[PDB]
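Peer 1: Contents of data.txt (compact mmCIF, C-alpha atoms) are below:
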# COMPACT_ATOMS: atom_id res chain seq x y z
CA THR A 5 113.08 -6.33 110.27
CA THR A 6 113.15 -10.16 110.64
CA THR A 7 116.95 -9.81 110.55
CA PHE A 8 116.73 -7.24 113.41
CA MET A 9 114.59 -9.60 115.52
CA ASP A 10 116.93 -12.55 114.75
CA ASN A 11 119.78 -10.45 116.13
CA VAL A 12 118.13 -9.23 119.37
CA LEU A 13 116.60 -12.66 120.01
CA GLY A 14 120.00 -14.22 119.33
CA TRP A 15 121.59 -11.79 121.80
CA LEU A 16 118.83 -12.32 124.43
CA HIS A 17 119.00 -16.14 124.35
CA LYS A 18 122.84 -16.15 124.30
CA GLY A 19 122.87 -13.69 127.24
CA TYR A 20 120.19 -15.50 129.19
CA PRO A 21 120.02 -19.18 128.24
CA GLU A 22 117.87 -19.90 131.31
CA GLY A 23 115.58 -16.89 131.66
CA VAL A 24 115.90 -13.18 132.44
CA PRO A 25 115.96 -12.65 136.23
CA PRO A 26 113.92 -9.63 137.57
CA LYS A 27 117.20 -8.14 138.94
CA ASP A 28 118.11 -7.51 135.29
CA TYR A 29 114.86 -5.86 134.10
CA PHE A 30 115.79 -2.19 134.26
CA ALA A 31 119.12 -3.13 132.68
CA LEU A 32 117.42 -5.01 129.86
CA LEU A 33 114.95 -2.27 128.86
CA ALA A 34 117.66 0.35 129.04
CA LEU A 35 119.85 -1.78 126.80
CA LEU A 36 117.04 -2.28 124.29
CA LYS A 37 116.35 1.45 124.11
CA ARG A 38 120.00 2.44 124.01
CA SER A 39 120.88 4.58 120.96
CA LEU A 40 123.69 6.64 119.47
CA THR A 41 123.49 10.42 119.80
CA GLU A 42 123.38 12.41 116.55
CA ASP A 43 127.03 13.36 117.07
CA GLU A 44 127.92 9.66 117.38
CA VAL A 45 125.91 8.76 114.22
CA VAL A 46 127.70 11.52 112.28
CA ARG A 47 131.10 10.41 113.55
CA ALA A 48 130.46 6.71 112.70
CA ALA A 49 129.12 7.53 109.21
CA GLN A 50 132.07 9.86 108.48
CA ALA A 51 134.62 7.28 109.66
CA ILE A 52 133.03 4.58 107.47
CA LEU A 53 132.89 6.87 104.39
CA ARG A 54 136.50 8.05 104.89
CA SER A 55 137.57 4.37 104.74
CA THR A 56 135.39 2.78 102.00
CA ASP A 57 134.83 3.23 98.25
CA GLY A 58 131.45 1.57 97.46
CA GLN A 59 132.88 -1.51 95.70
CA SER A 60 132.38 -3.33 98.96
CA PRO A 61 128.89 -3.07 100.49
CA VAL A 62 129.31 -1.91 104.11
CA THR A 63 128.47 -4.90 106.28
CA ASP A 64 126.94 -5.03 109.76
CA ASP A 65 130.43 -6.02 111.09
CA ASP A 66 132.01 -2.94 109.45
CA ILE A 67 129.41 -0.75 111.19
CA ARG A 68 129.86 -2.67 114.47
CA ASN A 69 133.61 -2.03 114.36
CA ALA A 70 133.20 1.68 113.67
CA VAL A 71 130.56 2.11 116.40
CA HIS A 72 132.57 0.04 118.92
CA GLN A 73 135.53 2.40 118.39
CA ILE A 74 133.25 5.33 119.38
CA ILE A 75 131.20 4.01 122.31
CA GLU A 76 133.95 1.69 123.63
CA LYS A 77 131.48 -1.17 124.20
CA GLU A 78 129.59 -3.74 122.19
CA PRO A 79 127.04 -1.96 119.93
CA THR A 80 123.37 -2.91 119.96
CA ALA A 81 121.28 -3.70 116.86
CA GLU A 82 119.58 -0.28 117.12
CA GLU A 83 122.92 1.54 117.12
CA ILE A 84 124.08 -0.43 114.04
CA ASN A 85 120.78 0.31 112.36
CA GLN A 86 121.05 4.05 113.07
CA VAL A 87 124.35 4.15 111.16
CA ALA A 88 123.08 1.96 108.32
CA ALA A 89 120.14 4.42 107.86
CA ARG A 90 122.54 7.37 107.87
CA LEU A 91 124.69 5.68 105.19
CA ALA A 92 121.58 4.86 103.15
CA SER A 93 120.59 8.59 103.29
CA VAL A 94 123.71 9.35 101.24
CA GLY A 95 123.23 6.35 98.95
CA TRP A 96 126.17 4.37 100.32
CA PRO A 97 126.22 0.68 99.41
CA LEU A 98 125.20 -1.64 102.23
CA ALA A 99 125.50 -5.42 102.40
CA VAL A 100 122.19 -5.57 104.25
CA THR B 6 111.81 8.36 133.32
CA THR B 7 108.00 7.96 133.50
CA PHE B 8 107.90 5.95 130.25
CA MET B 9 110.67 3.65 131.51
CA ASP B 10 108.93 3.30 134.93
CA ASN B 11 105.77 2.37 133.12
CA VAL B 12 107.38 -0.35 130.95
CA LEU B 13 109.54 -1.56 133.86
CA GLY B 14 106.40 -1.85 136.07
CA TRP B 15 104.66 -3.81 133.28
CA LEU B 16 107.56 -6.20 132.89
CA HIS B 17 107.89 -6.87 136.67
CA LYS B 18 104.12 -7.40 136.87
CA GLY B 19 104.02 -9.62 133.76
CA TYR B 20 106.96 -11.76 134.88
CA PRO B 21 107.31 -11.75 138.70
CA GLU B 22 109.65 -14.77 138.59
CA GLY B 23 111.75 -14.25 135.45
CA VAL B 24 111.09 -14.09 131.75
CA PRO B 25 111.24 -17.62 130.48
CA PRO B 26 113.14 -18.04 127.20
CA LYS B 27 109.80 -19.33 125.76
CA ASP B 28 108.38 -15.77 125.95
CA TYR B 29 111.42 -13.91 124.48
CA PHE B 30 110.03 -13.54 120.97
CA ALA B 31 106.56 -12.51 122.26
CA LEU B 32 108.14 -9.91 124.61
CA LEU B 33 110.52 -8.41 122.01
CA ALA B 34 107.85 -8.31 119.33
CA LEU B 35 105.48 -6.52 121.75
CA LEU B 36 108.21 -4.11 122.86
CA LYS B 37 109.05 -3.28 119.22
CA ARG B 38 105.43 -2.85 118.05
CA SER B 39 104.28 0.62 116.95
CA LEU B 40 101.34 2.36 115.29
CA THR B 41 101.62 3.33 111.64
CA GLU B 42 101.46 7.02 110.73
CA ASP B 43 97.81 6.55 109.61
CA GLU B 44 96.93 4.91 112.95
CA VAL B 45 98.54 7.79 114.92
CA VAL B 46 96.53 10.37 112.89
CA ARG B 47 93.33 8.41 113.48
CA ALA B 48 93.85 8.04 117.24
CA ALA B 49 94.74 11.75 117.68
CA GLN B 50 91.64 12.64 115.61
CA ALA B 51 89.43 10.45 117.81
CA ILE B 52 90.70 12.16 121.00
CA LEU B 53 90.32 15.58 119.41
CA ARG B 54 86.73 14.70 118.49
CA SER B 55 85.82 13.73 122.04
CA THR B 56 87.65 16.28 124.26
CA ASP B 57 87.44 20.07 124.62
CA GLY B 58 91.14 21.05 124.93
CA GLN B 59 91.05 21.87 128.64
CA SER B 60 90.57 18.57 130.50
CA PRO B 61 93.88 16.69 130.40
CA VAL B 62 93.84 13.60 128.21
CA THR B 63 94.77 10.53 130.30
CA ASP B 64 96.69 7.37 129.42
CA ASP B 65 93.35 5.61 129.66
CA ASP B 66 91.62 7.95 127.19
CA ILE B 67 94.41 7.27 124.72
CA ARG B 68 94.50 3.54 125.45
CA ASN B 69 90.76 3.33 124.73
CA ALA B 70 91.10 5.33 121.52
CA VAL B 71 94.00 3.15 120.34
CA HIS B 72 92.27 -0.11 121.33
CA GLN B 73 89.26 0.83 119.16
CA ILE B 74 91.63 1.23 116.23
CA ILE B 75 94.04 -1.73 116.54
CA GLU B 76 91.61 -4.16 118.27
CA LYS B 77 94.04 -5.51 120.86
CA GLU B 78 95.66 -4.18 124.06
CA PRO B 79 97.83 -1.08 123.20
CA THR B 80 101.46 -0.91 124.30
CA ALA B 81 103.12 2.03 126.12
CA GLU B 82 104.96 2.99 122.94
CA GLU B 83 101.71 3.07 120.94
CA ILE B 84 100.13 5.26 123.63
CA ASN B 85 103.16 7.58 123.66
CA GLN B 86 102.99 8.00 119.83
CA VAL B 87 99.46 9.41 120.20
CA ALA B 88 100.38 11.57 123.23
CA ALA B 89 103.24 13.15 121.24
CA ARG B 90 100.96 13.85 118.26
CA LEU B 91 98.42 15.49 120.59
CA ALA B 92 101.19 17.55 122.20
CA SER B 93 102.07 18.82 118.68
CA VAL B 94 98.66 20.58 118.58
CA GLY B 95 98.94 21.79 122.24
CA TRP B 96 96.37 19.32 123.55
CA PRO B 97 96.70 18.90 127.33
CA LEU B 98 98.03 15.63 128.72
CA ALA B 99 97.58 14.18 132.24
CA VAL B 100 101.12 12.78 131.80
Could you write out this structure as structure tokens?
Peer 2:
Amino acid sequence: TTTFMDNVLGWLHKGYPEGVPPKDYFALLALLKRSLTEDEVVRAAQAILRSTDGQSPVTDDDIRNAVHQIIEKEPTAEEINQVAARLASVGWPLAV
Amino acid sequence: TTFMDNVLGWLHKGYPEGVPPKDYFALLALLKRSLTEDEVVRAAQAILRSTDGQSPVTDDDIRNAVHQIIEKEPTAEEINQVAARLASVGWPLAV
């Protein structure tokens, strides 16, 4: 929650140290609303489960790596969160 | 496409010159804000108490209903949550 906001805020300031120009407004809202499809969530969760055993709580970086492999671009916080929620629904250990 | 055009309009209007880093947290927090399940039920109820099921419910009707409940200016998302709940009982919507 506060971790999610830290992440987006961190991204937004790093991306735009001096303000968000109007030319980037559609782009920004679209980015913030961007999400994985169900098929992508399934595929990320499966890939993570195939490669972990529970002794090591799946970290945000682990999810990032799996999602990046699928969408071939840098994942957003929402996309990471979607996969974390899917892993939680099967009781898989998560760092966060 | 309408939802996005609404929020995009709002952002352009709010910040004609650029979003200053000083407003980032305020903007993101507002964009992320949503009604609780109990708030959505209450807003839908209020509309259903004051409309007949034929006249289309407007964004304004819903905004007013939500404002009464949360006591601050509603966001597009908060309005959409109520519109979706009304649609689930076949209540007509202007948008």
Peer 1: Anything within 12 Å of (114.5, 5.1, 122.7): list those residues as a compact mmCIF listing (two decimals) with C-alpha atoms, keeping the file's coordinate frame, counting all atoms listed in the file and sticking to the file's coordinates.
Peer 2:
# COMPACT_ATOMS: atom_id res chain seq x y z
CA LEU A 33 114.95 -2.27 128.86
CA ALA A 34 117.66 0.35 129.04
CA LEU A 35 119.85 -1.78 126.80
CA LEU A 36 117.04 -2.28 124.29
CA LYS A 37 116.35 1.45 124.11
CA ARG A 38 120.00 2.44 124.01
CA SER A 39 120.88 4.58 120.96
CA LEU A 40 123.69 6.64 119.47
CA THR A 41 123.49 10.42 119.80
CA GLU A 82 119.58 -0.28 117.12
CA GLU A 83 122.92 1.54 117.12
CA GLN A 86 121.05 4.05 113.07
CA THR B 6 111.81 8.36 133.32
CA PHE B 8 107.90 5.95 130.25
CA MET B 9 110.67 3.65 131.51
CA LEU B 36 108.21 -4.11 122.86
CA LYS B 37 109.05 -3.28 119.22
CA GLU B 82 104.96 2.99 122.94
CA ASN B 85 103.16 7.58 123.66
Peer 1: For a quick test of understanding: name the residues of chain A lying within 7 Å of chain B when counting all atoms listed in the file, and present them as a list in words.
Peer 2: residues 13, 17, 22, 23, 24, 25, 26, 29 and 30 of chain A
Peer 1: Pick out the closest residue to residue 16 in chain A from this set: A:57, A:28, A:43, A:65. Count all atoms listed in the file.
Peer 2: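 Under the stated criterion, the closest residue is A:28.
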Peer 1: Find the spatial neighbours of residue 68 in chain B, counting only C-alpha atoms, within a cut-off of 8 Å - ignore same-chain residues fewer than 3 positions away - and output them as a VMD selection string.
Peer 2: chain B and resid 64 to 65 71 to 72 78 to 79 84
Peer 1: Is there a way to get, as JSON, numbers by chain, all residues within 7 Å of the point (119.4, 7.5, 113.9) in file coordinates, counting only C-alpha atoms?
Peer 2: {"A": [42, 45, 86, 87, 89, 90]}
Peer 1: Interatomic distance between CA of residue 8 in chain A and CA of residue 41 in chain B?
Peer 2: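 Interatomic distance here is 18.5 Å.
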Peer 1: Expressed in Å to a single decimal, how great is the separation between CA of residue 64 in chain A and CA of residue 81 in chain A?
Peer 2: 9.2 Å
Peer 1: For residue 61 in chain A, which of A:32, A:27, A:92, A:9 is the closest residue, counting only C-alpha atoms?
Peer 2: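 For residue 61 in chain A, the nearest of the given residues is A:92.
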Peer 1: If we count only C-alpha atoms and set the cut-off at 7 Å, which residues sit around residue 70 in chain B, ignoring sequence neighbours fewer than 2 positions away in its own chain? Please answer as a count of residues only.
Peer 2: 9
Peer 1: Write out as JSON an axis-aligned box for range 68-75 of chain A: all of its atoms listed in the file, 3 Å added on each side, centre and edge lengths in Å with one decimal.
Peer 2:
{"center_x": 132.7, "center_y": 1.3, "center_z": 118.0, "size_x": 11.7, "size_y": 14.0, "size_z": 14.6}
Peer 1: Could you check the closest approach to residue 51 in chain A for each of A:12, A:100, A:31, A:74 and tell me which residue wins, using all atoms listed in the file?
Peer 2: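 Closest to residue 51 in chain A of all the choices is A:74.
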Peer 1: Nearest residue to residue 72 in chain A out of A:59, A:98, A:84, A:15, using only C-alpha atoms?
Peer 2: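 Of A:59, A:98, A:84, A:15, the one nearest residue 72 in chain A, counting only C-alpha atoms, is A:84.
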Peer 1: Could you jot down the CA of residue 87 in chain B to CA of residue 46 in chain B separation for me, Å, one decimal place?
Peer 2: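 Going from CA of residue 87 in chain B over to CA of residue 46 in chain B covers 7.9 Å.
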Peer 1: Hey, what's within 12 Å of residue 54 in chain B if we count all atoms listed in the file and toss same-chain stuff fewer than 4 positions away? As a tab-separated table (two decimals) with C-alpha atoms, in the coordinates of the input, please?
Peer 2:
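Result file follows (result31.tsv):
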chain	number	residue	atom	x	y	z
B	47	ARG	CA	93.33	8.41	113.48
B	48	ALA	CA	93.85	8.04	117.24
B	49	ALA	CA	94.74	11.75	117.68
B	50	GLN	CA	91.64	12.64	115.61
B	58	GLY	CA	91.14	21.05	124.93
B	70	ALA	CA	91.10	5.33	121.52
B	91	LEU	CA	98.42	15.49	120.59
B	96	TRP	CA	96.37	19.32	123.55
Peer 1: Name the residues in contact with residue 70 in chain A at a cut-off of 12 Å, using all atoms listed in the file, excluding same-chain residues fewer than 2 positions from it; report them as number ranges by chain.
Peer 2: A: 44-56, 62-68, 72-79, 83-84, 87-88
Peer 1: When you count only C-alpha atoms, which of these residues is closest to residue 95 in chain B: B:81, B:53, B:69, B:32?
Peer 2: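 Between B:81, B:53, B:69, B:32, the residue approaching residue 95 in chain B most closely is B:53.
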Peer 1: Can I get range 17-30 of chain A with N, CA and C atoms filled in, as a compact mmCIF listing (two decimals), keeping the file's coordinate frame?
Peer 2:
# COMPACT_ATOMS: atom_id res chain seq x y z
N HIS A 17 118.84 -14.72 124.01
CA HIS A 17 119.00 -16.14 124.35
C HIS A 17 120.46 -16.45 124.73
N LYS A 18 121.43 -15.93 123.97
CA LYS A 18 122.84 -16.15 124.30
C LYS A 18 123.17 -15.59 125.68
N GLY A 19 122.68 -14.38 125.95
CA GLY A 19 122.87 -13.69 127.24
C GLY A 19 122.18 -14.39 128.39
N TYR A 20 120.98 -14.88 128.13
CA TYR A 20 120.19 -15.50 129.19
C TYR A 20 119.62 -16.84 128.75
N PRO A 21 120.47 -17.89 128.73
CA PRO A 21 120.02 -19.18 128.24
C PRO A 21 118.89 -19.75 129.10
N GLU A 22 118.81 -19.30 130.35
CA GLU A 22 117.87 -19.90 131.31
C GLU A 22 116.79 -18.97 131.85
N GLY A 23 116.62 -17.82 131.23
CA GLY A 23 115.58 -16.89 131.66
C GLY A 23 116.20 -15.57 132.04
N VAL A 24 115.41 -14.50 132.01
CA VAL A 24 115.90 -13.18 132.44
C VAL A 24 115.38 -13.00 133.84
N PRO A 25 116.31 -12.89 134.82
CA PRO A 25 115.96 -12.65 136.23
C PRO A 25 115.47 -11.21 136.42
N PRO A 26 114.47 -10.98 137.30
CA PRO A 26 113.92 -9.63 137.57
C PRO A 26 115.03 -8.57 137.90
N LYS A 27 116.09 -9.02 138.59
CA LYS A 27 117.20 -8.14 138.94
C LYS A 27 117.79 -7.47 137.70
N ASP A 28 117.62 -8.10 136.53
CA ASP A 28 118.11 -7.51 135.29
C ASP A 28 117.09 -6.75 134.41
N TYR A 29 115.91 -6.46 134.95
CA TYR A 29 114.86 -5.86 134.10
C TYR A 29 115.08 -4.40 133.72
N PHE A 30 115.46 -3.55 134.67
CA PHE A 30 115.79 -2.19 134.26
C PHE A 30 116.92 -2.22 133.23
